[PDB]
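Contents: one structure, followed by commentary.
Chain naming follows the written order as A, B, C, D, E and F, and within any one chain the residues start at number 1.
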Amino acid sequence: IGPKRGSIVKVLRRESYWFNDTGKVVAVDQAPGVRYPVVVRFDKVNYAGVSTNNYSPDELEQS
Amino acid sequence: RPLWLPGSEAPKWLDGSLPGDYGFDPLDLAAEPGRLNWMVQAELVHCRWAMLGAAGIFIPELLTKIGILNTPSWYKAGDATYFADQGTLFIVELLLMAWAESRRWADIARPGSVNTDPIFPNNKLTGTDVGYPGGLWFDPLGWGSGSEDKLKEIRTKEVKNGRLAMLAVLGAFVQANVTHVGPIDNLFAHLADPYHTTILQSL
Amino acid sequence: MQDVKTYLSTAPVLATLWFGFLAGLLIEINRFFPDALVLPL
Amino acid sequence: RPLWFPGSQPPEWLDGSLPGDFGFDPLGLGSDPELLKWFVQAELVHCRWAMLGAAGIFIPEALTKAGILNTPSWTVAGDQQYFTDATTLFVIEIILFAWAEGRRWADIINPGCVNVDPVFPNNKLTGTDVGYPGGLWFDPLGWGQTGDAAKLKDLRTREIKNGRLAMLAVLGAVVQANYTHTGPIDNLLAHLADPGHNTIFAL
Amino acid sequence: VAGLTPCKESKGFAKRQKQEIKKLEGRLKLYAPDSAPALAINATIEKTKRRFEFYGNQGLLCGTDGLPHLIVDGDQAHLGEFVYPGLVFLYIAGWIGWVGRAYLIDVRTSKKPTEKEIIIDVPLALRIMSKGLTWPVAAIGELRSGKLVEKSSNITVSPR
Amino acid sequence: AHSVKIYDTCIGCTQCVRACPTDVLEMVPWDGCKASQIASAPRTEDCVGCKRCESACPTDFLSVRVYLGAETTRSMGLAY
């Protein structure tokens, strides 16, 4: 599943720090039952200092 | 081709097709796609208004120095009285400039659209390139047509004579601001004592 | 100078060198042209 | 290889390829290869301006002491009155050196680009190294263009070491005028009489 | 204009010139006339007399306090109080705003974009600080071409 | 007392439990992540409300979330 590994996606999740921000997909989990399989890496950190977050494919579009 | 600065790379937008191209865009004012079409039309009116400007600033002042016209100076020509009011002649100009420049505005925006007459449509302008309205009203001698290498030379001669006139007219402006003397007398005061009539002495 | 000029290009040094030049310029404007309340040009 | 400090190891950036290279870099400011080529270019025009400086400081003041010429001292030479004012003597020189050093600025950045005369393209400079332009205007005797490289390096080494003595001399003339308030030829003849006492500690 | 006399014919403005030199002349009475601190007060008096003769010659408006007041409405007499040095300012302030904006675009497309802001790339900086000279033609040029503003779909927006 | 809620954005990184100073959080099995575990708050009546778990949660936005509600002698942290 997922759009593609190594692709550029835009986050549609409202409560994330990287909403409407360009991110790079580093891992998509193909195991069933995982709610947020797509792991997206960002060039900028959030207030917690991390750049790695998991999103569903419904919360991302290819840009 | 020769450039404005030897050892400097020419910009990617100024490729050398345009007449008068010496790769001189250091501040990148014509980089953007579609922008160099506007800046040639801007250069062409400014160069032709300055050659019209230099023929009305220096040539009547030079013949005043000989004394066969007795025309007033150009910076005091706005105070001169005529058959019309000086304020009135501004607005009659910009009603005529509203016609002549908006016909020119549509040529830059939509080329090949306003070459036909608004009244008698058999009269059509023969100009093909943008910024060169060939026709009986503007080029009656037909000097704007021929080979492309021959046409590039006479278009190079408009803007090289035009850039000199722009510098000229910008020079007369600052000369009349800090010295308050007309610019033919500024030339004749520079052929008498050149090392004492300089921009540092005039501040 | 692969690293000395990198230190000289840091944010506090370049702020000191620019504002040293900036306050150096505005003081020297305020010597030859002091008490300037109205721009004449 | 002669070195400035015979026990010390020579620096890596000073490999002896440059003329007048004696390994003197205790602060190591020529460590960057891009900045070393700028500093060699900075040292060349420093050397030749100081040798031209030392021929206008120590040569005519020796003729002033010997009575050959009635030229003023080098400290008060700019204070004298000429046919051109010294404020507007600078902007004549600044304009003339915007073509002399500005075209020299391109040769340091882009080698082999400003070697062709723009007015007449047949005239060109017979030079291949940065900082040594050659040609008829700068090397009319052809001594700087030799086939052998060992004699050519020593002649450029002879140019540098003659230069850096004058950079000590013109700096020496500046501090002598600030300390003794006397011309450096007159400081030499005061020192040639009693060298034990007439020194910097004579106060 | 606005009930203010010109400063060249203001009796209160000439009173402040009289009582400022008199304050400095009484400071000069306790020094030798050729002394070094007396040359500073003598240079202060000539700086004061240059100042008052400059304010009256620019058509400044002086109130009942004897003080020069600025008319910032855009009067044809009063352009150098606000309009002329405001356009001089906004050109310089837009120069600061254009070369700082163009530096961030030039370092966003880099390998480490955050190391180029603590350590400012001077050859990259100085090649666009010259380019900030012609900035109204480049700001409205980017405004007309759409490169000045970013679309709201690519802008980080806090949720409702 | 305090209501600690775990959401489905959790990756099972366990550091919310490790940052807990009053043993509220525990890791239960789950099927929604690679680690196959999610946090839970059974002893939420022992929660002081310090939000050390929210400081240690790397998920944006947070998976553990502490809502300060009615406060008792457990959630006031008193010894008297």
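Points to keep in mind about this one:
To be clear about the criterion, a contact is a pair of C-beta atoms (placed from the backbone, for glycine too) under 8 Å apart; a residue touches a chain by one contact, two chains touch by 3 or more.
Of all chains shown, C has the CA centroid lying nearest to the centroid of every protein CA atom. Among the other chains, the CA centroid farthest from that of chain D is the one of F. Centre-to-centre separation of chain A and chain D, using mean CA positions: 64 Å. With each centre defined as the average position of its C-alpha atoms, the distance from chain D to chain E rounds to 43 Å. Chain C and chain E have centres, each the mean of its CA atoms, that are 15 Å apart. Centres computed as Cα averages put chain E at a distance of 57 Å from chain F.
Touching of two or more other chains is recorded for residues 15, 17-18 of chain A.
Interface note: chains touch in the pairs A-E, A-F, B-D, B-E, C-D, C-E. Note for the complex: chain B touches chain E at residues 26-29, 32, 34-35. Contact residues on chain E toward chain C in their complex (touch as defined above): 47, 50-51, 54-55, 58, 60, 68, 70, 80-81, 84-85, 88, 117-122. Partner chain F is touched in their complex by these residues of chain A: 15-18, 29, 31, 33-36, 46, 48, 50, 52-54. For chain E in complex with chain A, the residues that touch the partner chain are 113, 153-157, 159-160. Chain contact summary for the complex, chain E toward chain B: residues 130-131, 133-134, 137-138, 141-142, 145, 147.
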